[PDB]
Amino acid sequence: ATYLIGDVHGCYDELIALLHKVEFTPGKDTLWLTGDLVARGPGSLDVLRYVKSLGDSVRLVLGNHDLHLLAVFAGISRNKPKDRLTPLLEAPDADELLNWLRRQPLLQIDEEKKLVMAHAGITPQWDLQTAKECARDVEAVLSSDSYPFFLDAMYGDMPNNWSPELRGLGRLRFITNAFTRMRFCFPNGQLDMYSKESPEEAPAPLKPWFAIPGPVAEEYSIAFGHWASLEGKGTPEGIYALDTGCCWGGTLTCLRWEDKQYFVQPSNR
């Protein structure tokens, strides 16, 4: 079977309890994870150890907190106490875990399931070929020996409009923001990098990225996490918002793809 779980955010106990609920069995089953494996919850170290151990039985995409962890590890960004990342950063296998993490994809595609996954979704300004190319470009910089330079370049809120003519730092920054930070769009598809509210609470003319018809969403289902204030609700057919805010005292959600059946694990916090 195929299971898709939203942002874990260091909630290792909840993750294991949810996987035991569905009797997840590597070799029979595959797990998709929407990213943000780490930060806020208490068990980021255990989460990374376990997910890495799964190998081919897991399909991960990196989220904004995964990238921020990499930036802290590389000395690019400052450690925030509230992220609770010190046990992971101080672990004896930290190098092995984080060099594995930076090699993971930003985008997962299954053509037989007609299923696409990224942390924040697929901007309506991208067709599939462009999304693939952009993911490849950023994954290439992240898996290179020079990844700290890219992590430093990644921070920024502009440009917020895609163009095939984008080059250099602006191109990489847009790609990173689209895959890992996107929530709201302007009517022309341009990213808004400030509003994190629920769709009903946001200011006009902002709309969810998934409320703007895009070529990927017309042909593929899209699963994503990231947008906790959406509470996994209010999405169109074919759009699966899996982040129900476990680290926030909400729930961890698992979707079984074959029958679209949901399983939920309450937060222990």
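In this text, residue numbers run from 1 along the sequence as written.
Higher mean CA temperature factor, per the PDB entry, when comparing 259-267 with 4-12: 259-267.
Higher mean CA temperature factor between 111-119 and 195-203: 195-203, per the PDB entry. As recorded in the entry, 233 carries the highest CA temperature factor of 233, 49, 65, 59. Of the candidates 70, 241, 45, 211, the PDB record gives 211 the highest C-alpha temperature factor. Sort the modelled residues of the chain by CA B factor and residue 82 lands in the highest third.
Per the deposited record, the Cα B-factor of residue 162 falls in the highest third when ranked against the other modelled residues of its chain.
When the modelled residues of the chain are ordered by C-alpha B-factor, residue 183 sits in the middle third.
Ranked within its chain, residue 126 lands in the middle third, by CA B factor from the PDB record. Sorting the modelled residues of the chain by their CA temperature factor places residue 225 in the lowest third.
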